[PDB]
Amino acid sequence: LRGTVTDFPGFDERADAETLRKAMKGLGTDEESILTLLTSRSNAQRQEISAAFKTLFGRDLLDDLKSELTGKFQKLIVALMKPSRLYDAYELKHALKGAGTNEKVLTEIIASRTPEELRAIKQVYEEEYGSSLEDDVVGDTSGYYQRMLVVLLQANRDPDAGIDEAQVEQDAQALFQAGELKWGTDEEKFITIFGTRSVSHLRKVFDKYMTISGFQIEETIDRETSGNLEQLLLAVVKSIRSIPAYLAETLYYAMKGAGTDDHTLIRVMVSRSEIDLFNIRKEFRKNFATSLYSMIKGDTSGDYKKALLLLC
């Protein structure tokens, strides 16, 4: 896992505070200055620039960036400024909050994050927002989608140790028979297989599944659309195989067709900039025969594409 953003060598929080102050101060705004500085500092350095900005000027850097900037560019800079430890929990709170629910952010983050990451997300969510992530998810979702989400939210998959092939055989069968009935009959049985087994066990299951049916499990669950639970099952199957591959694909489908899902583009670009965006880049090129760069550049404009291309 290699990230695309790294600590800037020779950082001076005070110098960077003053540069940012100068870019904003007075009539107008110098976005080029802001943009090139904040995509080359790490998230933790940005936090030190904010601290230093308030000691020197008594102003809040994020409110100033929200006042001075506009549109998708403002959305991206505000996302970059969010402390890394708060961001997935923030995005989770905003998919739940209000009327309806953005199931896409819920599935994405709960299926692509590791048990370590989730233990930490549930802790910072509680701290920050006062309610349990579990109680807000249950407050907002229904049926087996809710159940599988809660199962994944316990952050208790089995450990990667004994490949119990008897259990590999049995679970492969169970999934096969669940596959043919289009993931609509024994939901309890497969929610436990998909949510509770080790990543190594399930990889061996997905293989034996293929030898039993001739094809890949995502083919049967595939309706890359329609039905919350199917969409989650597909996000889990793809993340068991490769989280950088699954994230590269949501990125791809954020730009394919008319429009752009700029919210997903900003969310995956920002949240993974210092975790695995390099690996996601590799996966993108290899699976889609285009680089992430080229697609971003075709699908985005202005200061917002300059900043994205610098984070890519």
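Residue numbers run from 1 along the displayed sequence.
Enquirer: Between 299 to 307 and 286 to 294, name whichever shows the higher mean Cα B factor according to the PDB entry.
Expert: Mean B over CA atoms: larger for 286 to 294.
Enquirer: With respect to the recorded C-alpha B factors, which stretch has the higher mean value, 166 to 174 or 225 to 233?
Expert: Per the PDB entry, the higher value belongs to 225 to 233.
Enquirer: Comparing recorded Cα B-factors across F215, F206, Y87, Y129, which one is largest?
Expert: When the deposited C-alpha B-factors of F215, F206, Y87, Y129 are compared, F215 is largest.
Enquirer: Among the choices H263, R272, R281, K66, identify the one whose CA B-factor in the record is greatest.
Expert: Comparing C-alpha B-factors across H263, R272, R281, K66, the maximum falls on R281.
Enquirer: Which third of the chain does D276 land in by C-alpha B-factor: lowest, middle or highest?
Expert: Within its chain, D276 is a highest-third residue by C-alpha B-factor, going by the deposited values.
Enquirer: Can you tell me which third, lowest, middle or highest, the CA B-factor of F194 falls into for its chain?
Expert: Answer is lowest: the recorded C-alpha B-factor places it there.
Enquirer: Lowest, middle or highest third: which one holds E249 when the chain's residues are ordered by CA B-factor from the entry?
Expert: Ranked within chain, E249 CA B lands in the highest tercile.
Enquirer: For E116, does the deposited CA B-factor place it in the lowest, middle or highest third of the chain?
Expert: Middle third, going by the recorded CA B-factors of the chain.
Enquirer: Going by the entry, which third of its chain does the Cα temperature factor of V268 land in?
Expert: Bottom third by C-alpha B-factor.
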